[PDB]
Amino acid sequence: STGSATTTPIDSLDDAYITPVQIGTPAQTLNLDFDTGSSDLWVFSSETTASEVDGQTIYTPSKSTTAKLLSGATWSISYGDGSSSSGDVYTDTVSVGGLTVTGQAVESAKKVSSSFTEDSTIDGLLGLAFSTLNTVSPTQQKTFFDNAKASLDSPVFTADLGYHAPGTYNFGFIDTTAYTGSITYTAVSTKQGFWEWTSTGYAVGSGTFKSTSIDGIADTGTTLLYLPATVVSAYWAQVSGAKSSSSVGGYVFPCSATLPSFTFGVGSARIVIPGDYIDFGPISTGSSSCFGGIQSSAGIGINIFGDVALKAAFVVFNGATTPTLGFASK
């Protein structure tokens, strides 16, 4: 089997991407944030505290003839941005782009933190990291991809995120028309539960490539590119007037600037992030200070190849017995 679904930016800055997902019988369609940095499929629901729901579409398990309470199971997750959610668990039928999994754990939110409530466009998350990170207790549950894998034509999914435009998540096949050149594959460590890999270096603009190992994760659920402070300083030093602002919380730059590209290495191959992809717009409405799309990972503990990086590439998440990642230009 295969599946193919369009993913759409939630706003004009590509702050996140939403993909429609069918849950239950009859189908209830919710727009979920596909997140290769976590491993829980959770939704706003009829059980979510009413004051914490503000415009999201909810899953109502009582209206699904295939929903079953997973008795005793609870979940609770906290994300790298400080947001969180928790609740109980149902199993139900879940379909993405024509690919159907029966018996998928659908984690129903009883509580969500303020940033989830405030984002009316995201109805939940669909985790695509390794199932060892799934938070369900006392019986850990499998991700949608893990449940689907055996049925897929090939044990892979691909992320093709757009810049200021829709893109595609495919399951079970590699669309050879969706990229240019060849796909360069690189090793993955699953020891922390992430799609963790090692970039071979970077360049800023037309500058010479610096060969240096940068361990990090491919995370579709993180907006920006988080890299070591040395690398980030070298980038922003090329932008007149750019500075790290403790009050804003990262590097800012004059909105009048034209930004240089940033290149990252995948083995001997190179992925070029155009400068425009690094512009996240005014820090507050009407400001002439703009927020940078490349930020320091120093306070995280891990480098994160988020959407800024991934949207410049066609990315293969290869879930073969030994997982690997593939990157192609597009």
# chains A, B, ... in the order shown; residues from 1 in each chain; ligands from 1
>>> residues_around(residues="range 77-80 of chain A", least_positions_apart="4", cutoff="8 Å", atoms="only C-alpha atoms", output="ChimeraX atom specification")
/A:84-86,135,300
>>> write_last_selection(atoms="N, CA and C atoms", output="PDB file, in the first residue's frame")
ATOM      1  N   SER A  84       2.692  21.644  26.109  1.00  0.00           N
ATOM      2  CA  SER A  84       2.398  20.321  26.641  1.00  0.00           C
ATOM      3  C   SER A  84       0.929  19.986  26.452  1.00  0.00           C
ATOM      4  N   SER A  85       0.633  18.693  26.575  1.00  0.00           N
ATOM      5  CA  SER A  85      -0.736  18.199  26.509  1.00  0.00           C
ATOM      6  C   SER A  85      -0.778  16.823  27.164  1.00  0.00           C
ATOM      7  N   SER A  86      -1.985  16.394  27.534  1.00  0.00           N
ATOM      8  CA  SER A  86      -2.139  15.099  28.192  1.00  0.00           C
ATOM      9  C   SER A  86      -3.585  14.630  28.075  1.00  0.00           C
ATOM     10  N   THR A 135       4.616   8.311  24.627  1.00  0.00           N
ATOM     11  CA  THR A 135       4.429   8.542  26.061  1.00  0.00           C
ATOM     12  C   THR A 135       3.301   7.735  26.693  1.00  0.00           C
ATOM     13  N   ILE A 300      19.565  24.075  23.951  1.00  0.00           N
ATOM     14  CA  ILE A 300      18.690  22.935  23.688  1.00  0.00           C
ATOM     15  C   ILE A 300      19.321  21.623  24.133  1.00  0.00           C
TER      16      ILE A 300
END
>>> residues_around(residues="residue 128 in chain A", least_positions_apart="6", cutoff="7 Å", atoms="only C-alpha atoms", output="list in words")
residues 34, 35, 36, 37, 38, 39, 143 and 145 of chain A
>>> residues_around(residues="residue 218 in chain A", least_positions_apart="3", cutoff="8 Å", atoms="only C-alpha atoms", output="number ranges by chain")
A: 36-37, 194-197, 304-306, 310
>>> closest_atom_pairs(of="range 149-221 of chain A", to="range 235-250 of chain A", cutoff="10 Å", atoms="only C-alpha atoms", output="JSON lines")
{"residue": "A:202", "atom": "CA", "partner": "A:235", "partner_atom": "CA", "distance": 9.8}
{"residue": "A:203", "atom": "CA", "partner": "A:235", "partner_atom": "CA", "distance": 8.4}
{"residue": "A:204", "atom": "CA", "partner": "A:235", "partner_atom": "CA", "distance": 5.8}
{"residue": "A:205", "atom": "CA", "partner": "A:235", "partner_atom": "CA", "distance": 8.4}
>>> write_last_selection(atoms="N, CA and C atoms", output="tab-separated table (two decimals), in the first residue's frame")
chain	number	residue	atom	x	y	z
A	202	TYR	N	29.12	23.06	6.51
A	202	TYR	CA	28.25	24.14	6.10
A	202	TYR	C	29.02	25.19	5.31
A	203	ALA	N	28.27	26.01	4.58
A	203	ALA	CA	28.79	27.24	4.00
A	203	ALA	C	27.77	28.36	4.18
A	204	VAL	N	28.27	29.60	4.22
A	204	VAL	CA	27.44	30.80	4.31
A	204	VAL	C	27.54	31.53	2.98
A	205	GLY	N	26.39	31.74	2.32
A	205	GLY	CA	26.39	32.43	1.04
A	205	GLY	C	27.31	31.75	0.06
>>> atom_distance(atom1="CA of residue 225 in chain A", atom2="CA of residue 173 in chain A")
26.9 Å
